[PDB]
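>>> Following this: a sequence and the matching experimental structure.
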Amino acid sequence: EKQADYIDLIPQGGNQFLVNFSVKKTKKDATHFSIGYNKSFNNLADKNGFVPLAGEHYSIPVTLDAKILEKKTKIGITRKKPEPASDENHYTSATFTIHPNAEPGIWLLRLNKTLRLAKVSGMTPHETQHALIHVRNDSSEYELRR
Amino acid sequence: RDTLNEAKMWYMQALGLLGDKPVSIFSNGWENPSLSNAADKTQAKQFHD
């Protein structure tokens, strides 16, 4: 809303997911923070003895189904206020939608770039994408330069 | 030299017998199961059933 974080689902595979996030304001209160699901249920992972920090990438796995993911599933995160917390903190969320076999093109130009660059540089196609740096506002000129 | 071209035509005949090299899948429906979950007695009963 003003700023909390970005929250990203990264599917590991069948029924295996991962949540990357980087919360901005990390000053107030967190004791064993929670992760919401469908906006009202399923504390997904309450196992952290750690308070996340400002501007830092994190990662935490969760196993779900793709069937609820086919619908809009409102996944939230809950930095736990110490004795009471369900949604009474600085709370944020996101929903997430999957639908297969749609818009094939916009991924494939990145595959084009890394395959041309992998055949050219002599490096393997894994290690070329492994040696590319991606920021959301990073121009591909600067990525080529790097 | 001519015997090296002989060698190439023999190995190309052998590749013609074998055909297309089977690409081993790695992205798969294989989840990573629990060893308790992987060794269930029902999991072999249902299979042989």
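Nice, I can see it. Residues are numbered from 1 along each chain as shown, chains lettered A, B, ... in the order given.

>>> what separates residue A:127 from residue B:14, distance-wise?
33 Å (Cβ to Cβ, to the nearest Å). Every residue, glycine included, has its C-beta placed from N, CA and C.

>>> err, residue A:103, not the other one
Residue A:103 is 44 Å from residue B:14, by Cβ to Cβ.

>>> which of these two has more neighbours?
For residue A:103 versus residue B:14, the count of surrounding residues by other Cβ atoms under 10 Å in any protein chain shown is larger for residue B:14: 9 against 6.

>>> what helix or strand does that one sit in?
Element membership of residue B:14 [criterion: DSSP states H and E] is helix B:2-18.

>>> Chain neighbours aside, what residue packs nearest to the residue of chain A found nearest chain B?
As assessed by Cβ to the nearest Cβ, chain B sits closest to residue A:14 within chain A, at 5.4 Å. Taking Cβ to Cβ, 6 or more residues apart in numbering or on different chains as the measure, residue A:14 lies nearest to residue B:31, with 5.4 Å between them; neighbours along the chain are not counted.

>>> Would you pull up the residue in chain B closest to chain A?
residue B:31 (5.4 Å).

>>> Tell me the helices and strands packed up against the helix ranked longest in chain A.
Counting residues, the longest helix found in chain A (DSSP state H) is helix A:105-121. For helix A:105-121, the helices and strands in contact under the criterion 3 or more Cβ pairs under 8 Å, 6 or more residues apart in numbering or on different chains; DSSP states H and E are helix A:125-130.

>>> can we see that at 10 Å?
Contact analysis of helix A:105-121 by 3 or more Cβ pairs under 10 Å, 6 or more residues apart in numbering or on different chains; DSSP states H and E lists helix A:125-130, helix A:140-145 as its packing neighbours.

>>> and for the next helix-or-strand element following the helix holding residue B:14, what are the contacting residues?
Moving toward the C-terminus from helix B:2-18, the next helix or strand (DSSP H and E) is helix B:35-38. With Cβ atoms under 10 Å, 6 or more residues apart in numbering or on different chains as the contact definition, helix B:35-38 has outside contacts at B:31, B:32, B:43.

>>> For helix B:35-38, output the C-alpha coordinates as PDB.
Taking only C-alpha atoms (Å, rounded to 0.1, in the frame of the first residue of the first chain), the coordinates of helix B:35-38 have been written out as PDB:
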ATOM      1  CA  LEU B  35      11.500 -42.200   3.100                       C
ATOM      2  CA  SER B  36       8.500 -43.100   5.300                       C
ATOM      3  CA  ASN B  37       6.200 -42.100   2.500                       C
ATOM      4  CA  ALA B  38       8.300 -43.800  -0.100                       C
END
